[PDB]
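Participant: so I've got this experimental structure, pasted below with the sequence.
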Amino acid sequence: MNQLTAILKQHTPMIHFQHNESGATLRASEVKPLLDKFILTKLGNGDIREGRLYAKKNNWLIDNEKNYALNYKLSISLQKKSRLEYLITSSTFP
RNA sequence: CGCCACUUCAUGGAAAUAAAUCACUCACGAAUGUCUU
């Protein structure tokens, strides 16, 4: 397999700084670095150094020398562009 | 429920690498091989 497709459900409203665009959704520049660390941690059974050695062994690293990055491409897109906008404050008001 | 903001604004790597460096053609052709006293 070359492509992985997943459908995400939202439980809490994300605080997004680029809400102006109608296609504003979860940013992959945030997901990918955390997912890379999560997978390397899981590959090494809770240790990121063993997990990097595992990824280094099976040629899964973009660079074998200095980064945790894994060689995959991540894209997050909206299917239906209808969204709910929330005002989140720490003060009650009518 | 009231009141109230601060902080952070680029670093590391790559900075040219290989292929072709002259090729083909012409490399002398024609006249004179003695002439006039």
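Facilitator: Thanks, I have it. Numbers count the residues shown, from 1 in each chain, chains lettered A, B, ... in the order given.
Participant: residues making contact with the longest helix seen in chain A?
Facilitator: Longest helix in chain A by number of residues (criterion: DSSP state H): helix A:28-43. For helix A:28-43, contacts defined as Cβ atoms under 8 Å, 6 or more residues apart in numbering pick out A:47-48, A:50-52, A:54-55, A:68-70, A:74-76. All C-beta spots, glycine's among them, are computed from the backbone N, C-alpha and C.
Participant: next step: those restricted to helices.
Facilitator: Counting by DSSP H, the contacts of helix A:28-43 contribute A:48, A:50, A:51, A:52, A:54, A:55 to helices.
Participant: wait, the second one touches residue A:57, no?
Facilitator: No. Proximity of residue A:50 to residue A:57 does not meet the contact threshold set by Cβ atoms under 8 Å, at 10.4 Å.
Participant: please say which of the two ends up with more neighbours.
Facilitator: Legend: neighbour count by other Cβ atoms under 10 Å for residue A:50 and residue A:57, higher for residue A:50 (14 against 11).
Participant: quick one, what contacts the nearest residue to that one once chain neighbours are set aside?
Facilitator: Excluding the flanking residues, the one nearest residue A:50 by Cβ to Cβ, 6 or more residues apart in numbering is residue A:44, at 3.1 Å. Residue A:44 is in contact with A:50, A:51, A:52, A:53, A:54, counting by Cβ under 8 Å, 6+ apart.
Participant: which bits of chain A sit near RNA strand B?
Facilitator: A:66, A:90, A:91, A:92, A:93 (Cβ under 7 Å from any atom of the strand).
Participant: go with 10 Å
Facilitator: A:62, A:63, A:65, A:66, A:67, A:69, A:89, A:90, A:91, A:92, A:93, A:94 (Cβ under 10 Å from any atom of the strand).
Participant: measure residue A:18 to residue A:6 for me?
Facilitator: 22 Å (Cβ to Cβ, to the nearest Å).
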